[PDB]
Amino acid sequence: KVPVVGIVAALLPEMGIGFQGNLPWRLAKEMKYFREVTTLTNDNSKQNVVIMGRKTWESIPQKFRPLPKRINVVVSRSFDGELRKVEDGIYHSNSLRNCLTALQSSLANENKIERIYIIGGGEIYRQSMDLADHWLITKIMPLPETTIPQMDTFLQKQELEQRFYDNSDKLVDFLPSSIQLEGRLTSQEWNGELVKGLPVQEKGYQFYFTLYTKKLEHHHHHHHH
């Protein structure tokens, strides 16, 4: 009932997302996008949830966690169960799946979560292909004289493009309405792939804000009593 949206910054063509527990770039504009998208709501009385694996949590600088103005959920298999408040702004869960079911109960949530953002990392994203309704992927490309950074963690692009289609034409409409983007929508070929979205450049990189949406499903079974 509440949308589940994975959100990620990935380097094309491998969709690399990390190296040695850290982001492989430092892009203030990309990070600003991430902040605004996850923080902002259309309804002023709601907040978003951000869910992340334990290793991702531990890599966020300590001055900046928990992420402000969002409900933070950290998942670890060594936590107690399925959704527990441990500090102001921090929930622990021992289960990505059960945590999502729990967050979705209108009795627990009072219909005051707008969206649930899944914010990483590799392990968590692997498991979220079947859980997310949408993906906000920042598609990052090294400009001509930019060294490709070393990377060790990757989005599952195969499974991605299996389950989802590039719905970037509807990106602007999908974002919370107060966000302001400086690009206009833009299709560009890059190493043999169509890259469609809203362009920025910063440091040695060009990047596009894109939206992926679940492909239409055939009606095989509805459960009847």
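Position 1 is the first residue in the sequence shown; the rest follow in order.
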| query | Comparing 13-21 with 200-208, which stretch shows the greater average C-alpha B-factor in the deposited entry? | reply | 200-208
| note | Going by the entry, of stretches 161-169 and 186-194 the one with greater average Cα B-factor is 186-194
| query | Per the coordinate record, which of the options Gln150, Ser95, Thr153, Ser78 holds the highest CA temperature factor? | reply | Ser78
| message | Highest Cα temperature factor in the entry, among the options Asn72, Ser128, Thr138, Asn109: which one is it? | response | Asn109
| message | Using only modelled residues of the chain, where does the Cα B factor of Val49 rank: lowest third, middle third or highest third? | response | lowest
| Lowest, middle or highest third: where is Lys29 by C-alpha B factor in its chain? | middle
| said: Please say which third, lowest, middle or highest, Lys63 falls into when its CA temperature factor is compared across its chain. | reply: highest
| Assigned third (lowest, middle, highest) for the C-alpha B factor of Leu100 | middle
| query | For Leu40, does the deposited CA B-factor place it in the lowest, middle or highest third of the chain? | reply | middle
